[PDB]
Each structure stands twice: as structure tokens, then as C-alpha cells.
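[1] Sequence plus experimental coordinates follow:
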Amino acid sequence: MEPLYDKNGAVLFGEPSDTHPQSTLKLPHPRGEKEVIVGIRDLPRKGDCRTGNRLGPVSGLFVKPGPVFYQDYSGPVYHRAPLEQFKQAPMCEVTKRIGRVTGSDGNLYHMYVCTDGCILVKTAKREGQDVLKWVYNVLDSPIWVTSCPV
């Protein structure tokens, strides 16, 4: 299965992979000062990277099915969308765009939040386009969607 990574960027099992160069996740990058849950209507700004905000420190944006969103997280996380946990779906009405995520297939996806609360991904290229929903999460761990600019 797709590996999880610890807060220093060490793979916890399997083999490490790099993220797609045009993903909104840039590594290496620090994280995990505190776990900070945030609501969708209260996602962090780019200006909050330097200073944090009320809620607490900010290392970027994490998300898992629920949806649960974080602006910082200390535990294990995915650096790439675990496509094995996703299912092919029709395009949804989207409430928010959240980032550009590397799939476990190496490709780039647009990441969105749907009105139904699903996390959906859509290939960032025309060819072999895939739209998928995050329907299982067997390790209950977020994807790190975006890192703060260093």
C-alpha cells in the first residue's frame, strides 16, 4: 500500500517516493508542532505560515475523509493520494478547491471538496483523465496537501 511518512519525512513502511514537482506539497518541510484541526470555512492563509494564527501553528493543509482538515499535524501522513483507497466517481459539485496532489501513480491531481463532503481527485491532464473519491481510509491518516512556502 502507499506509505505513510513521519514528521521528519522518514517513510514508515514501504519505499519512499518523491512528490510530483508541480504539486502544492514541496519537501522537505517541517511540520508537527501541534495537531491543529480547522473547519473548511476557516482554512489557513498563505500569510499564516510565518506567524501561525489563532488555532495555532501552521505547516500547510492536511485532509482526510470526514472531511477533517488540519493546518498542522504531527502523526503519520500520506505524501501522495493512496489511490487504492479511492473509487472512480462522477464529477461532483465542489465547495472548495484545496490543492494539487501527487497520486500514488505518480501523476498530478486537482484536489477538491464536494458538497456531499467527499474528497475527490481529478487528473490535472486531459489524457487518461480520472475522477475519483476517497471512499476508504484504513489507516485514518491525512494527506499533506500543501506545504507552506519555506
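    Done, it's in. Numbers count the residues shown, from 1 in each chain.
[2] Next up, the contacts around residue 134.
    64-65, 81, 85-86, 118-121 (Cβ atoms under 8 Å, 6 or more residues apart in numbering). All C-beta spots, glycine's among them, are computed from the backbone N, C-alpha and C.
[3] Tell me the bridge partners for the closest residue to it other than its chain neighbours.
    Spatially, and ignoring its direct neighbours in sequence, residue 134 is nearest to residue 119 (4.0 Å; Cβ to Cβ, 6 or more residues apart in numbering). Here residue 119 sits in beta bridges with residue 113, going by DSSP bridges.
[4] pretty sure residue 119 is touching residue 69, no?
    No: using Cβ atoms under 8 Å as the test, residue 119 is too far from residue 69 to be in contact (10.0 Å).
[5] Quickly note the distance from residue 26 to residue 46.
    From residue 26 across to residue 46, the span is 13 Å (Cβ to Cβ, to the nearest Å).
[6] for the chain, what's the longest strand?
    Within the chain, and with DSSP state E defining each element, the longest strand by residue count is strand 94-102.
[7] Tell me who's in contact with residue 149.
    By Cβ under 8 Å, 6+ apart, the contact set of residue 149 is 26, 46, 49.
[8] change it to 10 Å
    Shown in contact with residue 149 (Cβ atoms under 10 Å, 6 or more residues apart in numbering): 26, 29, 46, 49-50, 60.
[9] tell me which element residue 50 falls in.
    In this structure, residue 50 sits in helix 48-51 according to DSSP states H and E.
[10] can you list contacts of that helix?
    45, 54-55, 57-60, 71, 146-150.
[11] Next up, the contacts around residue 19.
    When contacts are counted by Cβ under 10 Å, 6+ apart, residue 19 touches 25-27, 79-80, 100-102, 106, 108, 144, 147.
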